[PDB]
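S.K.: For reference, the structure I am asking about is given below.
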Amino acid sequence: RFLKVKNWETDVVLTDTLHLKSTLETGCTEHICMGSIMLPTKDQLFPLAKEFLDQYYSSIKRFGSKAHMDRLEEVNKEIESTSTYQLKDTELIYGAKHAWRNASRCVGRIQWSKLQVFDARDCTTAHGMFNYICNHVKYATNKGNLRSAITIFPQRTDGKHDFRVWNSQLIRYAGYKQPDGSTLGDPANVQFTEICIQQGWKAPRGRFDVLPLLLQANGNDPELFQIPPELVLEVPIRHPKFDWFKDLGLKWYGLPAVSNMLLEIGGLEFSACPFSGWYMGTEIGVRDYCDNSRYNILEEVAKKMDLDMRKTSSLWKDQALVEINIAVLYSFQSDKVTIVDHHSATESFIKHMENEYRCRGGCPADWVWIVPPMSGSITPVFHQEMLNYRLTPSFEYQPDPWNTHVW
Amino acid sequence: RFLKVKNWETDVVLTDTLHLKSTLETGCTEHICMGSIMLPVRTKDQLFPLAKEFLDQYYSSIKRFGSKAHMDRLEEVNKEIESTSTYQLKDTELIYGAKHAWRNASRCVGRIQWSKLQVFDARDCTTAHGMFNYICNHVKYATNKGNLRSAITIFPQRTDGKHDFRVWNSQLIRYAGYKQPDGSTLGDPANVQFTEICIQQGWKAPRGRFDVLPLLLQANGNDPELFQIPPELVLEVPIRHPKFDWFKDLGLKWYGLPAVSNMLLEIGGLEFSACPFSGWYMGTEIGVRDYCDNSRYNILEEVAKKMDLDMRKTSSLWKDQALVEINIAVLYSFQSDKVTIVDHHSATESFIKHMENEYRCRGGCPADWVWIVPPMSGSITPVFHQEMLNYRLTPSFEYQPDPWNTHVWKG
Ligand code: HEM
Ligand code: HEM
Ligand SMILES: Cc1cc(N)nc(CCc2cc(F)cc(CCCN(C)C)c2F)c1
Ligand SMILES: Cc1cc(N)nc(CCc2cc(F)cc(CCCN(C)C)c2F)c1
Ligand SMILES: C[C@H](O)[C@H](O)[C@H]1CNc2nc(N)[nH]c(=O)c2N1
Ligand SMILES: C[C@H](O)[C@H](O)[C@H]1CNc2nc(N)[nH]c(=O)c2N1
Ligand SMILES: [Zn+2]
């Protein structure tokens, strides 16, 4: 019940007791582990508020204080009358930073306490939403010296008045299918690129066309807005050694900014809460460029390197994969845009685990997602046992709006 | 109840009913996932239900469920248990059991081969010397001059856990590891503890970097005894690189036959505590883990040096670069010497095909994603994108504690 996790590269053992404050469910049982499955009212709301407020006031060392019981009473009262309640700004910031702290799949959480929270709960319209998101983007980008941020739009009420950003990220390239066969641009975004045109977008039909924002306020029809190009920092991808690399015409955007998740604090649901930080190198080079259901450029890069592509045992895919990722990091670093390589980030996370066990009693972690998609075992997280459990406040997935909107 | 797994690269979706025939626990609960944790004397009482479950399965596979042969075998096993407190497996049942234990190994990516296992019944064995002979014939047969064949040799089952057969080596063939007084390690750092045991048991250690360890064999619960595998039976491959002539000068070699010998085979409630098994290598087992783990030979540095790489900042990905060439070299050497080996792209693709076939003909295929995904280039292999259900079927291979921690010494 006071569990241990071993690191097998160093024999360091940590005792996890934070897990006993777990709440939500894992999807697993004693008969079946689902650790690799991608996606498993007034009476319920007050215990949720209490749990949150109790830990908020513990963190500020006012557990069982006048201000504690008074806030408990105050929120209790507001729930009894309004059937919801509003977070004090301080609680909003704590709840947001801790939803990140608890993101068991995020390798970048050593930064968790430095999150910039932008309270957009006064927002009423998609134009307003657009204004906030432009401000988010410019602040986060910071001329390439990226800064973590989240912008929190009004909380759900009756599910009919939801605020949603329909894009999965604030900044993504469009996906166009071809009359002759495959796909131009980003295949992952092909359907969304439809719903943009199919909602009135005029596509440049290029390969790296920044998608427009599709913002939904108070449950209304969503609206298209183009992010000012001067706010969208991009890096052209070149190699420090192969001058033919530039001719592939590759570039990526500097700001990863997840916009389609749901943030839960003390029972309240924030359906629009775009958050952002900075890329780990492999997200772009391994996944964005080389996944088969993505830009899948491996075949062409290896040809340009004149590698024996006839048998898998030459490991030509592996060789190319390493070059592509050397180039991504090389390009971001050259243009002074923040980026972290997977060796540095996983090492940082080990340090961060150390600290969370030491000052919090544990750190929920999803090995299937922490371990980078290349060179796994030469990173320290590979040999690190992790315990996965759902703490709250949290980010959670939510249905794609086009399936849901009472249109 | 039915359960669905999806492949996020191809949208193929599969329906698992086989998890319904699941027994032993996972370690997980609805509130904790232990999916990445490495490690998650039996009476007449619980034994016959375990036997009956196994015999039921066995007779279903041969399409004789409820037959007179089936019913008489149950009755015979039942009476043998109450009479003798255990029972013996027929040859046919032992073969089925071992094949299905492999088939059920949810961490094994090589399971497409599961039905082709060569089973060696060593249940008539009684002494360590007899164990040595059986193991020598396993190594000769499985090796096959480089054209490797999968095999398992099954020694007598446990009785009161005071008379266990155990192979004390973790693998039949493994290199020695020596801790030096200066703190560095000569040879394989994984094998230092076992090497000391051998040295203390009387092994004359050549104290080289690639010394094949002696077999340390325990029969019927007696003290273990040392034996040297004849060197002409140990097939080895010198590691060279197809473009880098300096690679041969690193002096590296590896043995050809991976043969796991410290696990426990469970069949119908019987426990076979010595059951060495062997197949052939995936290239990354040697090139990524054996050479490049920090707690192993750790040749990344010296390969990086000789390649002349920017070793100053990790964001040059010099480690990744060196790792790929080392794995190119392992595959190249083994193919050049016509020793069976599989690269990780080939093996993951085969597993996916195996896995789908298992869903269609069996209703599922338990799989441990954490272990199935290769330790390099994970996402460019198809298992990365494969959702997988993990659960425990029997027959099974289980871990067991190292015998030197439990054995009671005679003298
Ligand atoms: C600052 C540097 C950051 C780095 C390097 C980083 C890195 C990563 C990586 C590699 C993943 C795996 C997802 C994938 O591969 O598609 C991930 C997931 C995630 N990140 Fe972080 N991230 C950072 C910042 C943030 C911030 C600021 C937040 C929120 C405040 C956040 C929340 C999450 C969540 C919730 C997930 C997992 C969502 C899920 O369950 O799918 N991250 N991150
Ligand atoms: C024939 C080709 C085979 C290949 C390519 C192969 C490959 C692998 C690999 C790469 C692992 C991961 C273990 C690690 O990386 O440390 C593994 C695990 C395993 N393999 Fe296979 N294997 C093969 C044959 C066999 C055979 C013949 C058996 C038994 C009859 C077997 C039983 C197992 C078991 C029980 C595990 C579980 C390991 C554990 O839980 O620690 N394998 N295999
Ligand atoms: C803030 C941030 C930092 C970073 N460095 N990187 C990312 C992108 C990784 C990511 C984070 C996340 F929270 C959700 C998704 C959606 C994918 C879910 N799966 C179904 C594919 C993501 F891609 C986000
Ligand atoms: C039959 C076989 C084929 C293959 N191609 N490769 C191997 C070696 C991989 C392996 C398989 C196994 F069943 C147990 C261990 C010991 C590791 C135990 N850990 C807990 C430290 C292994 F290394 C075995
Ligand atoms: C902590 C973690 O479970 C441990 O390092 C595991 C991870 N996955 C693995 N996968 C394989 N194939 N082999 C291993 O030794 C391991 N080790
Ligand atoms: C099937 C499996 O769950 C799926 O491929 C997961 C595996 N691990 C991952 N890890 C990261 N970081 N990102 C991902 O999208 C995934 N996908
Ligand atoms: Zn689990």
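S.K.: Does the stretch B:230-258 hold any residues that are under 16 Å from B:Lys145 (Cβ atoms) and part of a loop (DSSP other than H, G, I, E, B), and which are they?
M.R.: B:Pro230, B:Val234, B:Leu235, B:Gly256, B:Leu257
For every residue, the table says whether it meets (1) within 14 Å of chain A (Cβ to nearest Cβ); (2) under 23 Å from B:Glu398 (Cβ atoms); (3) of a type outside the set (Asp, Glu).
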| site | (1), (2), (3) |
| --- | --- |
| B:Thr23 | yes, yes, yes |
| B:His31 | yes, no, yes |
| B:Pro40 | yes, yes, yes |
| B:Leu47 | no, yes, yes |
| B:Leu55 | no, yes, yes |
| B:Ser67 | no, no, yes |
| B:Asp72 | no, no, no |
| B:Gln88 | no, yes, yes |
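S.K.: Quick check on the stretch A:269-295: of everything there that is within 13 Å of another protein chain (Cβ to nearest Cβ), polar (S, T, N, Q) and part of a loop (DSSP other than H, G, I, E, B), which residue is farthest from A:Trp166 (Cα to Cα)?
M.R.: Going through the qualifying residues, I end up with A:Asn292.
S.K.: Still on this model: Go through the stretch B:303-329 and count every residue that is within 18 Å of B:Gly378 (Cα to Cα) and not in a helix (DSSP H, G or I).
M.R.: 1
S.K.: Working carefully through the options B:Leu216, B:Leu265, find the one that is closer than 30 Å to B:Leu89 by Cα, within 16 Å of ligand 4 (Cβ to nearest atom) and buried (at least 19 other Cβ atoms within 10 Å of the Cβ).
M.R.: B:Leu265 is the lone residue from the list that is closer than 30 Å to B:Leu89 by Cα, within 16 Å of ligand 4 (Cβ to nearest atom) and buried (at least 19 other Cβ atoms within 10 Å of the Cβ).
S.K.: Still on this model: Given the condition away from ligand 6 (no atom under 16 Å from the Cβ) and at positive phi, answer yes or no: does some residue in the stretch B:331-343 qualify?
M.R.: Checked against the condition, which is being away from ligand 6 (no atom under 16 Å from the Cβ) and at positive phi, the stretch B:331-343 yields at least one hit.
S.K.: On to the next question. B:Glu398 passes all but one of (1) closer than 30 Å to A:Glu347 by Cα; (2) surrounded by fewer than 21 Cβ atoms within 10 Å (Cβ to Cβ); (3) more than 8 Å from chain A (Cβ to nearest Cβ); which number fails?
M.R.: Of (1) closer than 30 Å to A:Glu347 by Cα; (2) surrounded by fewer than 21 Cβ atoms within 10 Å (Cβ to Cβ); (3) more than 8 Å from chain A (Cβ to nearest Cβ), only one is false for B:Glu398: (1).
S.K.: Still on this structure, I have one more. Taking B:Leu148 as the residue in question, decide whether it is within 14 Å of ligand 2 (Cβ to nearest atom) and over 13 Å from B:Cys275 (Cβ atoms).
M.R.: In short, yes.
S.K.: Another question about this same structure. Mind listing just one residue for me: the one in the stretch A:95-127 that is polar (S, T, N, Q) and under 13 Å from the mean Cα position of the chain (by Cα) and, of those, farthest from ligand 4 (Cβ to nearest atom)?
M.R.: Result: A:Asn102.
S.K.: Ok, one more. Among the residues that make up the stretch A:127-138, is at least one of them within 28 Å of A:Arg287 (Cβ to Cβ), away from ligand 3 (no atom under 16 Å from the Cβ) and in contact with a strand residue (DSSP E or B) (Cβ under 6 Å, 6 or more places away or on another chain)?
M.R.: No, because not a single residue in the stretch A:127-138 is within 28 Å of A:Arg287 (Cβ to Cβ), away from ligand 3 (no atom under 16 Å from the Cβ) and in contact with a strand residue (DSSP E or B) (Cβ under 6 Å, 6 or more places away or on another chain).
S.K.: Before we move on, is B:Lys44 out of contact with any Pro (no Cβ under 6 Å at 6 or more places or on another chain), away from ligand 7 (no atom under 16 Å from the Cβ) and either of a type in the set (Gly, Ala, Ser) or under 19 Å from B:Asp368 (Cβ atoms) (or both)?
M.R.: no
S.K.: So, in the stretch B:20-55, how many residues would count as being surrounded by 15 or more Cβ atoms within 10 Å (Cβ to Cβ) and outside any loop (DSSP other than H, G, I, E, B)?
M.R.: 11
S.K.: Out of (1) among the hydrophobic types (A, V, I, L, M, F, W, C); (2) more than 11 Å from chain B (Cβ to nearest Cβ); (3) surrounded by 22 or more Cβ atoms within 10 Å (Cβ to Cβ), what's the single condition that is false for A:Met305?
M.R.: It is condition (3) that A:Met305 fails.
S.K.: Related question: Checking the structure you have, find out if any residue of the stretch A:365-381 is more than 16 Å from ligand 7 (Cβ to nearest atom), of a type in the set (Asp, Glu) and either at the interface with chain B (Cβ under 10 Å from one of its Cβ atoms) or in a loop (DSSP other than H, G, I, E, B) (or both).
M.R.: no
S.K.: Can you confirm whether A:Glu264 is part of a strand (DSSP E or B) and closer than 30 Å to A:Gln199 by Cβ?
M.R.: yes
S.K.: Go through the stretch A:144-178 and give me each residue that's assigned to a strand (DSSP E or B) and either within 16 Å of ligand 6 (Cβ to nearest atom) or in contact with a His (Cβ under 9 Å, 6 or more places away or on another chain) (or both).
M.R.: A:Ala149, A:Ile150, A:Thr151, A:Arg164, A:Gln169
S.K.: Could you figure out which of (1) of a type outside the set (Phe, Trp, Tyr); (2) more than 16 Å from ligand 3 (Cβ to nearest atom); (3) out of contact with any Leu (no Cβ under 9 Å at 6 or more places or on another chain) isn't true of A:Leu45?
M.R.: Tallying (1) of a type outside the set (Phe, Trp, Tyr); (2) more than 16 Å from ligand 3 (Cβ to nearest atom); (3) out of contact with any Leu (no Cβ under 9 Å at 6 or more places or on another chain), A:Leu45 fails exactly one: (3).
S.K.: Tell me, which residue of the stretch B:179-213 that is part of a strand (DSSP E or B) and of a type in the set (A, V, I, L, M, F, W, C) is surrounded by the fewest Cβ atoms within 10 Å (Cβ to Cβ)?
M.R.: That would be B:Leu186.
S.K.: While we're looking at this one, here's another question. Determine, yes or no, whether A:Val107 is crowded, with 20+ Cβ neighbours inside 10 Å and in contact with a helix residue (DSSP H, G or I) (Cβ under 9 Å, 6 or more places away or on another chain).
M.R.: yes
S.K.: Another one. Please enumerate the residues belonging to the stretch A:1-21 that are more than 9 Å from every other protein chain (Cβ to nearest Cβ), over 30 Å from A:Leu268 (Cβ atoms) and polar (S, T, N, Q).
M.R.: The answer is A:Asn7, A:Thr15.
S.K.: Residue under question is A:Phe332, and the condition is that it be touching a strand residue (DSSP E or B) at 6+ places or on another chain (Cβ under 6 Å), in a helix (DSSP H, G or I) and either within 13 Å of chain B (Cβ to nearest Cβ) or within 16 Å of ligand 3 (Cβ to nearest atom) (or both); does it hold?
M.R.: Yes, satisfied.
Computed from the coordinates by the stated procedures, all read-outs in this text should not be read as laboratory data. Ideal geometry is used to build each Cβ from the backbone, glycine not excepted, and the neighbour counts take in all protein chains shown.
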